[PDB]
Amino acid sequence: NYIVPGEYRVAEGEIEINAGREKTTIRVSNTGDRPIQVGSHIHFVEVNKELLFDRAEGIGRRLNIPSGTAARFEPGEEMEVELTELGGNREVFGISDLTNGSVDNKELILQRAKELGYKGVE
Amino acid sequence: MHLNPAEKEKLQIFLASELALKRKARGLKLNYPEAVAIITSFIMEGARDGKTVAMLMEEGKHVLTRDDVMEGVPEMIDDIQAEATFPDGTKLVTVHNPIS
Amino acid sequence: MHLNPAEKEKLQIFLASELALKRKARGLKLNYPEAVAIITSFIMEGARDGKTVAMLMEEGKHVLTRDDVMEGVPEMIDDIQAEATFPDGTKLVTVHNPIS
Amino acid sequence: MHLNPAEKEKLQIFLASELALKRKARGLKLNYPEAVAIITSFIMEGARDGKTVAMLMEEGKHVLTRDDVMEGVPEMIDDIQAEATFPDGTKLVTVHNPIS
Amino acid sequence: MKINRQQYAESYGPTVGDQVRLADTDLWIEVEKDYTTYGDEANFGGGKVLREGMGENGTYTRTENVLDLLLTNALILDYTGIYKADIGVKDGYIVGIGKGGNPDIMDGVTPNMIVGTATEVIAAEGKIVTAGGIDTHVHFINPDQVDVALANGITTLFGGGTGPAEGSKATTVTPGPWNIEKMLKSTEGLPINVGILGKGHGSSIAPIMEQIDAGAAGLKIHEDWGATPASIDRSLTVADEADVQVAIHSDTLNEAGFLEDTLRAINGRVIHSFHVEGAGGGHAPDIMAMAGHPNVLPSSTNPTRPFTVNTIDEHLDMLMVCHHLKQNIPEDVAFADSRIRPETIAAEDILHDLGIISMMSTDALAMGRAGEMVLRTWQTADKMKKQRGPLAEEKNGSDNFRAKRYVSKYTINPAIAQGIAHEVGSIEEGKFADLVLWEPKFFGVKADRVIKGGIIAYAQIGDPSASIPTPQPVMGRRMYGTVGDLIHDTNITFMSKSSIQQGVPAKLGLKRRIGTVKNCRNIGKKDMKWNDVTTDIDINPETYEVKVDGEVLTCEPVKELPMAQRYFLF
Amino acid sequence: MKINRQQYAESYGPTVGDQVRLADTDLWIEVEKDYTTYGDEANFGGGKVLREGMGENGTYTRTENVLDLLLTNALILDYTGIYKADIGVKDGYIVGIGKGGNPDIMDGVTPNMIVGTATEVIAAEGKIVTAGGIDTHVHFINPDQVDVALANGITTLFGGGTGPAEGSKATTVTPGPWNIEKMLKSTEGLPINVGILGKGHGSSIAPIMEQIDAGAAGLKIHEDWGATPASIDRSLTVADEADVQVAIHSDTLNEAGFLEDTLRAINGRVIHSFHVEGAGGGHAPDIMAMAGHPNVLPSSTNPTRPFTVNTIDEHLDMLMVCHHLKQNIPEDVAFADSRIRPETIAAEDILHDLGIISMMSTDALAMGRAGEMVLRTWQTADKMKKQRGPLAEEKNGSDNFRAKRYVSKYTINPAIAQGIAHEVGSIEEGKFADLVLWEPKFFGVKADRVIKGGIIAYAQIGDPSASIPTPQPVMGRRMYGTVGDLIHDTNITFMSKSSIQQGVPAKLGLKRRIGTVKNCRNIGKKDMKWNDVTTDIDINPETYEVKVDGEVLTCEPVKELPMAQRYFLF
Ligand code: NI
Ligand code: NI
Ligand code: NI
Ligand code: NI
Ligand SMILES: [O-]
Ligand SMILES: [O-]
């Protein structure tokens, strides 16, 4: 009974994030010479052009990592990441201007990605 | 003297540290603001002495120990921050978990 | 430190008491604000020590005597009041005719 | 205590002088505001002691010497001015070139 | 992926079933429910969720369901519950409690809680968020009292006075139309919500009513102005016409009547009984029996809260010095002994715990501490848990029942009593955004940030010359909500319906938000949240023993409190 | 009669060819020219020249070429020159720089610089007079930051924030119409010139533009809100329509692009690149390459200025604590190591000296010191003189070239970048009378007197109870320009053309002088005074080595600075 002012007594268990959403694992490579760090909630197909991965598998998705965290890719680093599905209305506006609407417009997103030189449009 | 606003404010820290050191000298376990004042004044006097930021980051962890303060005070102080004029200008010192 | 307004203000009392005690140490008869500062700081340090309100009501009458202060100062001070944090929270101490 | 605005302000000078005297005691060469604080507090404590304006004009030139302060500080201080309550009321003391 | 509960609480604040200690007390609050969607928590910073096209919507203009301010991940402690939610503010009001962010990509977003271009963010993860405290017994004696109140999470001051005049030093009274007008104009510069009480004294209605028409928000009946049957009656007739509350400090001296005479003058009408224990004033020795009646809204002032070993010595001496009483005059000693009673002060602790006293208040600078209403509420709850145990109604080992009973005493209950709960007093949608953020280690001691009308007014913050705001010295400071003309938009002057209808704000040039006092006359004890108990309180005239349901209410004074010497420099 | 040059300089301040040391630095400024007529110098006091029928004209009314204020015998240090002149002020503006006095009896009197009945006098003999500093990277976090800025000679704050909200603690952003309106009203009480930046984030124009219409003076793009190609593009489209500046803190994380992607989104449009070295934020590790481009107006923030032995230890620790980074998480350490680079901080000193970085700024309370923009400018110039020598362009052994290059960085250049150089940023006829007087021994350290709109706002002055103003304690104090309604006439709120046209000042009841932002979109690097250099900056992605014209830019950190422990009590 030593008192730590304002201490927590957390309940038992674990918190499952993004429960009930499809997960997908993909390989991603930083082909650039500078580090790239990607946050939990960026539409994954719209990340830095020099990240090489199957861009189609990024559409309608983001990293399956705790809210507010980020995945780091050192220059030349290739690693696997796990993606989860976007929720809400499944619409993306802005960011890299690849979507500007429904994430269901896969053909249009990849055409824009290919024209602007986002690596990995297959 | 040409005191600026920060110089006026920081005299209070010195004063609170003197108050706290008098309380420690008559045998009291120090409370949260007393402990913070003592460690903060130590940092600003160290800068005045010409110590480095790295020296004060080290020394600031050994100014007060658990048995100098009341129960729970070590766990209330996660870090103490102070800015002072070093020989190379104002710098920020952060002392992490100063009372272990 | 998280100082509130009263904590900032009451540092002044401690400071004035230190000033007054230095003046008494070099042999001066103390004046009205000096005497008030010394007795007030004694009360707030006593509370910090964990004395009772009743102990400080008694002790506060024996901090300064007539021959410590200038002519008329005893008769100018009818009572000195201070609030401080005791172990059981803030309490008001009144010292009646502290210099007899 | 019935402090007026000037009494509140001038406690700062005493406090800065105490800070500066602690720095001098651990062997530091004093800077511009430290030096000014020490000489100013000396003047106001001298008035409190009942010295004359003429005595303090003389004594104030011998409180700190060149080897107590950093390079250039003597030449930065052309004169130090203080008002304090003498036995015959408030008077202005000016100390000319206090550090020669 | 799964996150362990310790790491989850460190990142986002606690979630369902987690407990948090209140400061250095023995009291634990448990998260009852959580509005979040796990994985879509809102947070702000580099690479965090609230960024354009992500958790921040980049499409919608401010009018289109976008917030001015999102407090993320708050642990709300309120009469309505102890729960985890985001809090959305717009136009200075709470507009949403739920889940904020971007419906483009997030599940579970409350539809009017969009984070957009227009949205500011306050991180409340790991903070406790409460309503601003409502202090209904304020003497306006020294303007320095406002920062004192803000530093302990008080956001509304109801009371009276003109500064350090003897009338004001004794009584929460701003007397007459001219003093009321002058203090409404003074209020334009005070960075807190204010309501002014007029003098509840007179034998003709017109002298009393003209104070309500001038802009008073209520009345105070005080024995120092003559708490006579006539003054009580005329004040409650005015109050019933004007729809404002009446507070009473009754006739301690029993000069024109005993408690039963004051109750007959009240005649079943609604009244707020101040310092109902009676050390602060009232019929000796039995005033606390008021707290049993259905038409009485009973408050304590703070100097008796809670009962400690220094309480009686401190109060007896304070009463003697303030009343110029002589230790060698037997009538003076008899009066003091009749007014400062360990028997009623000890019972007052238990009456709070039982929900029989509904409200706390300060009595700021008259016989109470402007900055200790919240502090002493929690010290009382902690003492009662130690001496009486967990209340029977508790579950999961939490103190949630006690925490809701006690937070009500200084938030919603004073607001209901005063007729201002439509504006303030709780964290509910549609109320003014007066919010206090607390670090749990400082809970009830020193507020972290005080939000007034959706802008920070007061904060514990460091060196303004530093590279960052946390370096020492960290102290309470007024923030931008108090500066310039923003003081007018972040604060409310509460006024009578008649003064508002008669255009007093325009006549005086008041620029503050104007709050209407209403619905004060058809409430009672049953309307006090978590504190609605009516009962026959017996006070023995010989022993001063308090009995409820045939049982003596007594407890011991304590030698130490939490929220005391660990925290304060003096 | 002839006067020896030492006695002349002691009486009237220095004249042509005389040199003055700046504080305790190695830097010397030389008087280039002098507007006086020797023997007819203006001065004020008993038996002095500015007396009725003598150097004061007794005939002319105020409208007839008479000044409201004459600063006598000023040593001006300005991008326009280092020279000796009288400065004449009227209606709060600088109306004459030349020779003041009475054309009745004096030769060489500038015709609109008559000292008359209406004229106040400030003696500037032996003072250095500069324009007020223009700080374009201010976080509005703690209102105590304003006096801090005034004490170091800053007179204009451009930035954003709502007080100590997390959005404001990270970003110079006042988001959306309501927060902007609230902070314009707060500004009515701040005794300094202000311009507010909105959130430069969104994928639709309307949410961004509605901030400009509400009274924002510019936008801030910050990575913490998503410094994406879309937010960059929409902000610069708004800026080009509205004629306001855009400041950027780019994507440090390189999440949606590298520096070349941000430059492609900018697409040749004008932008102010904040903390361009990148410790304060931006594409790791090569953001400083922005400073080579013709459409970029590049600023430094102050914590890296100049490179010292404690800089890296201080910054690495500050970044880790402020971002909640763990010393045992390799991604956290990698991020910190990628952002705090001795290679780019050392090169930043030299890029300032070469005129490749055009501006200084604080980053007040986010990662920079509100009161050290002017201080650290001169410490940088002094370090560069020691390490690189006098610049090739110097003559007479003076540091005049360097002094004009460096004074431009915190006066005229920020004003040009922001679109406010028609009002502020230099000592020129027709500009607002924001003037700072410095004793040379305190130059760049502690301002003597700060004049705002022709009235003293802030001064180092002594005991207010004394017979005279010089007795101790001498400290920075707000003067009469800050008191009452005079705060409205001595300060400017800078606002967009659209907000002014739409009557936002009248809607909000703003009483301050309203300044129009304009001419921000058809400037570039070539418009930065003394700091107009464009070049290919290469930053090696492996070693972080900076090269310009094939040469590595590197220098050593210093163990000591001037303008430091000689002056400061802490
Ligand atoms: Ni009362
Ligand atoms: Ni009262
Ligand atoms: Ni930045
Ligand atoms: Ni910044
Ligand atoms: O009272
Ligand atoms: O920044």
# chains A, B, ... in the order shown; residues from 1 in each chain; ligands from 1
call {"tool": "residues_near_ligand", "arguments": {"ligand": "ligand 4", "cutoff": "10 Å", "atoms": "only C-alpha atoms and all ligand atoms", "output": "ChimeraX atom specification"}}
result
/F:136-139,159-160,168-173,220,222,248-249,274-275,280-281,301,361-368
call {"tool": "interface_residues", "arguments": {"of": "chain C", "to": "chain E", "cutoff": "12 Å", "atoms": "only C-alpha atoms", "output": "MDAnalysis selection string"}}
result
chainID C and resid 1:14 40:57 78:96
call {"tool": "interface_residues", "arguments": {"of": "chain E", "to": "chain A", "cutoff": "9 Å", "atoms": "only C-alpha atoms", "output": "VMD selection string"}}
result
chain E and resid 1 to 6 8 to 9 14 to 26 28 37 to 55 57 to 59 102 to 109 439 to 443
call {"tool": "interface_residues", "arguments": {"of": "chain E", "to": "chain F", "cutoff": "7 Å", "atoms": "only C-alpha atoms", "output": "JSON, numbers by chain"}}
result
{"E": [45, 46, 47, 50, 51, 52, 58, 59, 60, 61, 62, 68, 117, 118, 119, 120, 121, 122, 123, 456, 464, 465, 466, 467, 468, 469, 479, 480, 481, 483, 484, 485, 486]}
call {"tool": "residues_around", "arguments": {"residues": "residue 385 of chain F", "least_positions_apart": "5", "cutoff": "9 Å", "atoms": "only C-alpha atoms", "output": "list in words"}}
result
residues 26, 27, 353, 380, 390, 391, 399 and 402 of chain F
call {"tool": "interface_residues", "arguments": {"of": "chain C", "to": "chain D", "cutoff": "10 Å", "atoms": "only C-alpha atoms", "output": "PyMOL selection string"}}
result
chain C and resi 12-13+15-16+18-19+22-23+26-29+32-37+40+77+80
call {"tool": "residues_around", "arguments": {"residues": "residue 86 of chain F", "least_positions_apart": "6", "cutoff": "9 Å", "atoms": "only C-alpha atoms", "output": "short mmCIF file (atom, residue, chain, number, x, y, z; two decimals) with N, CA, C and O atoms, in the first residue's frame"}}
result
data_model
loop_
_atom_site.label_atom_id
_atom_site.label_comp_id
_atom_site.auth_asym_id
_atom_site.auth_seq_id
_atom_site.Cartn_x
_atom_site.Cartn_y
_atom_site.Cartn_z
N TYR F 35 24.05 63.35 -40.99
CA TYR F 35 23.12 64.35 -41.54
C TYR F 35 23.26 65.68 -40.80
O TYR F 35 22.54 66.62 -41.18
N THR F 36 24.11 65.78 -39.76
CA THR F 36 24.09 66.97 -38.89
C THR F 36 24.79 68.14 -39.61
O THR F 36 25.43 67.95 -40.64
N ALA F 42 21.15 68.96 -32.50
CA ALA F 42 19.98 69.09 -31.60
C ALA F 42 20.31 68.40 -30.28
O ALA F 42 20.98 67.39 -30.25
N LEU F 70 11.07 63.92 -31.83
CA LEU F 70 12.40 63.96 -32.46
C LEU F 70 13.30 63.04 -31.64
O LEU F 70 13.39 63.30 -30.42
N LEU F 71 13.86 62.00 -32.24
CA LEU F 71 14.97 61.23 -31.65
C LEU F 71 16.25 61.92 -32.09
O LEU F 71 16.51 61.97 -33.29
N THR F 72 16.98 62.52 -31.17
CA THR F 72 18.20 63.29 -31.54
C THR F 72 19.44 62.39 -31.63
O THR F 72 19.66 61.55 -30.76
N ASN F 73 20.27 62.62 -32.64
CA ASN F 73 21.64 62.07 -32.68
C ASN F 73 21.63 60.54 -32.64
O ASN F 73 22.45 59.95 -31.93
N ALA F 74 20.78 59.88 -33.42
CA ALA F 74 20.72 58.40 -33.47
C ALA F 74 21.81 57.82 -34.37
O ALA F 74 22.02 58.37 -35.45
N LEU F 75 22.44 56.74 -33.92
CA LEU F 75 23.27 55.87 -34.79
C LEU F 75 22.36 54.76 -35.29
O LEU F 75 22.00 53.85 -34.54
N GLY F 96 10.58 61.81 -41.17
CA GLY F 96 11.84 62.44 -41.62
C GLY F 96 13.01 61.76 -41.00
O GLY F 96 12.94 61.37 -39.84
N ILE F 97 14.07 61.58 -41.77
CA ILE F 97 15.38 61.12 -41.26
C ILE F 97 16.35 62.16 -41.79
O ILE F 97 16.38 62.39 -43.03
N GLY F 98 17.01 62.85 -40.89
CA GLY F 98 17.90 63.94 -41.33
C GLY F 98 18.32 64.79 -40.17
O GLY F 98 19.04 64.29 -39.29
N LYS F 99 17.92 66.05 -40.19
CA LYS F 99 18.39 67.03 -39.21
C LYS F 99 17.19 67.80 -38.71
O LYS F 99 16.54 68.48 -39.48
N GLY F 100 16.92 67.71 -37.41
CA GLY F 100 15.80 68.41 -36.82
C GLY F 100 16.21 69.69 -36.14
O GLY F 100 17.39 69.86 -35.75
N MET F 113 11.11 68.53 -40.40
CA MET F 113 11.61 68.09 -39.08
C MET F 113 11.77 69.29 -38.16
O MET F 113 12.80 69.39 -37.47
N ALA F 124 18.89 60.24 -28.37
CA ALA F 124 19.48 58.97 -28.82
C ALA F 124 21.00 59.11 -28.94
O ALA F 124 21.61 58.17 -29.40
#
call {"tool": "interface_residues", "arguments": {"of": "chain B", "to": "chain A", "cutoff": "8 Å", "atoms": "only C-alpha atoms", "output": "list in words"}}
result
residues 71, 72, 75 and 76 of chain B
call {"tool": "decode", "arguments": {"residues": "segment 444-468 of chain F", "atoms": "N, CA, C and O atoms", "output": "mmCIF file, in the first residue's frame"}}
result
data_model
loop_
_atom_site.group_PDB
_atom_site.id
_atom_site.type_symbol
_atom_site.label_atom_id
_atom_site.label_comp_id
_atom_site.auth_asym_id
_atom_site.auth_seq_id
_atom_site.Cartn_x
_atom_site.Cartn_y
_atom_site.Cartn_z
ATOM 1 N N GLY F 444 21.738 44.188 -28.789
ATOM 2 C CA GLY F 444 21.274 42.842 -29.158
ATOM 3 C C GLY F 444 20.946 41.979 -27.935
ATOM 4 O O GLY F 444 20.459 40.857 -28.120
ATOM 5 N N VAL F 445 21.182 42.480 -26.720
ATOM 6 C CA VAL F 445 20.979 41.732 -25.454
ATOM 7 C C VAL F 445 19.709 42.242 -24.770
ATOM 8 O O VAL F 445 18.724 41.462 -24.639
ATOM 9 N N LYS F 446 19.722 43.478 -24.321
ATOM 10 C CA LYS F 446 18.571 44.042 -23.595
ATOM 11 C C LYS F 446 18.293 45.422 -24.180
ATOM 12 O O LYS F 446 19.166 46.318 -24.066
ATOM 13 N N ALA F 447 17.106 45.587 -24.751
ATOM 14 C CA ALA F 447 16.684 46.888 -25.304
ATOM 15 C C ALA F 447 16.594 47.911 -24.168
ATOM 16 O O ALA F 447 16.119 47.572 -23.083
ATOM 17 N N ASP F 448 16.998 49.163 -24.430
ATOM 18 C CA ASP F 448 16.830 50.303 -23.493
ATOM 19 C C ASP F 448 15.360 50.774 -23.514
ATOM 20 O O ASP F 448 14.709 50.855 -22.467
ATOM 21 N N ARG F 449 14.889 51.143 -24.693
ATOM 22 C CA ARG F 449 13.507 51.634 -24.892
ATOM 23 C C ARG F 449 12.991 51.074 -26.207
ATOM 24 O O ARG F 449 13.728 51.088 -27.227
ATOM 25 N N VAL F 450 11.761 50.601 -26.177
ATOM 26 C CA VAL F 450 11.081 50.100 -27.387
ATOM 27 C C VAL F 450 9.928 51.056 -27.671
ATOM 28 O O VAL F 450 9.022 51.179 -26.835
ATOM 29 N N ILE F 451 9.962 51.723 -28.812
ATOM 30 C CA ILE F 451 8.937 52.676 -29.284
ATOM 31 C C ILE F 451 8.036 51.914 -30.228
ATOM 32 O O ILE F 451 8.544 51.211 -31.137
ATOM 33 N N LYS F 452 6.736 52.023 -29.980
ATOM 34 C CA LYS F 452 5.695 51.354 -30.802
ATOM 35 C C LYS F 452 4.788 52.470 -31.278
ATOM 36 O O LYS F 452 4.171 53.163 -30.444
ATOM 37 N N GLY F 453 4.649 52.636 -32.598
ATOM 38 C CA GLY F 453 3.749 53.690 -33.095
ATOM 39 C C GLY F 453 4.060 55.056 -32.536
ATOM 40 O O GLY F 453 3.121 55.787 -32.314
ATOM 41 N N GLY F 454 5.338 55.370 -32.292
ATOM 42 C CA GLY F 454 5.773 56.683 -31.798
ATOM 43 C C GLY F 454 5.578 56.927 -30.311
ATOM 44 O O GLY F 454 5.789 58.079 -29.849
ATOM 45 N N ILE F 455 5.228 55.912 -29.528
ATOM 46 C CA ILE F 455 5.132 56.056 -28.049
ATOM 47 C C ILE F 455 5.965 54.939 -27.424
ATOM 48 O O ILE F 455 5.876 53.776 -27.862
ATOM 49 N N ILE F 456 6.684 55.237 -26.348
ATOM 50 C CA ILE F 456 7.456 54.156 -25.681
ATOM 51 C C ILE F 456 6.479 53.119 -25.119
ATOM 52 O O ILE F 456 5.571 53.478 -24.310
ATOM 53 N N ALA F 457 6.692 51.863 -25.490
ATOM 54 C CA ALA F 457 5.869 50.716 -25.017
ATOM 55 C C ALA F 457 6.578 49.970 -23.881
ATOM 56 O O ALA F 457 5.910 49.259 -23.132
ATOM 57 N N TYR F 458 7.898 49.893 -23.922
ATOM 58 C CA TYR F 458 8.662 49.002 -23.027
ATOM 59 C C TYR F 458 9.984 49.707 -22.772
ATOM 60 O O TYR F 458 10.596 50.271 -23.688
ATOM 61 N N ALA F 459 10.466 49.623 -21.547
ATOM 62 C CA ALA F 459 11.746 50.255 -21.186
ATOM 63 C C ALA F 459 12.405 49.501 -20.036
ATOM 64 O O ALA F 459 11.726 49.000 -19.141
ATOM 65 N N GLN F 460 13.717 49.506 -20.025
ATOM 66 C CA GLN F 460 14.541 49.149 -18.839
ATOM 67 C C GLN F 460 14.625 50.381 -17.952
ATOM 68 O O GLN F 460 15.236 51.386 -18.323
ATOM 69 N N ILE F 461 13.929 50.345 -16.835
ATOM 70 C CA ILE F 461 13.809 51.529 -15.978
ATOM 71 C C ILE F 461 13.688 51.058 -14.525
ATOM 72 O O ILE F 461 13.330 49.891 -14.261
ATOM 73 N N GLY F 462 14.039 51.969 -13.633
ATOM 74 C CA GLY F 462 14.177 51.655 -12.217
ATOM 75 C C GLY F 462 12.955 51.956 -11.364
ATOM 76 O O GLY F 462 11.815 51.978 -11.822
ATOM 77 N N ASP F 463 13.266 52.089 -10.086
ATOM 78 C CA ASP F 463 12.335 52.185 -8.945
ATOM 79 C C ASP F 463 11.277 53.242 -9.265
ATOM 80 O O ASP F 463 11.578 54.420 -9.386
ATOM 81 N N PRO F 464 9.993 52.886 -9.370
ATOM 82 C CA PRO F 464 8.957 53.882 -9.631
ATOM 83 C C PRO F 464 8.651 54.825 -8.459
ATOM 84 O O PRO F 464 7.960 55.838 -8.669
ATOM 85 N N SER F 465 9.191 54.499 -7.271
ATOM 86 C CA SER F 465 9.009 55.308 -6.050
ATOM 87 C C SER F 465 10.171 56.286 -5.859
ATOM 88 O O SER F 465 10.102 57.096 -4.918
ATOM 89 N N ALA F 466 11.180 56.240 -6.732
ATOM 90 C CA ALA F 466 12.421 57.021 -6.570
ATOM 91 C C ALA F 466 12.256 58.462 -7.054
ATOM 92 O O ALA F 466 11.283 58.799 -7.755
ATOM 93 N N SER F 467 13.235 59.309 -6.706
ATOM 94 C CA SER F 467 13.238 60.728 -7.065
ATOM 95 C C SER F 467 13.496 60.860 -8.564
ATOM 96 O O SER F 467 13.168 61.914 -9.145
ATOM 97 N N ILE F 468 14.139 59.851 -9.130
ATOM 98 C CA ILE F 468 14.564 59.818 -10.550
ATOM 99 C C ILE F 468 14.395 58.370 -11.000
ATOM 100 O O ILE F 468 14.162 57.510 -10.170
#
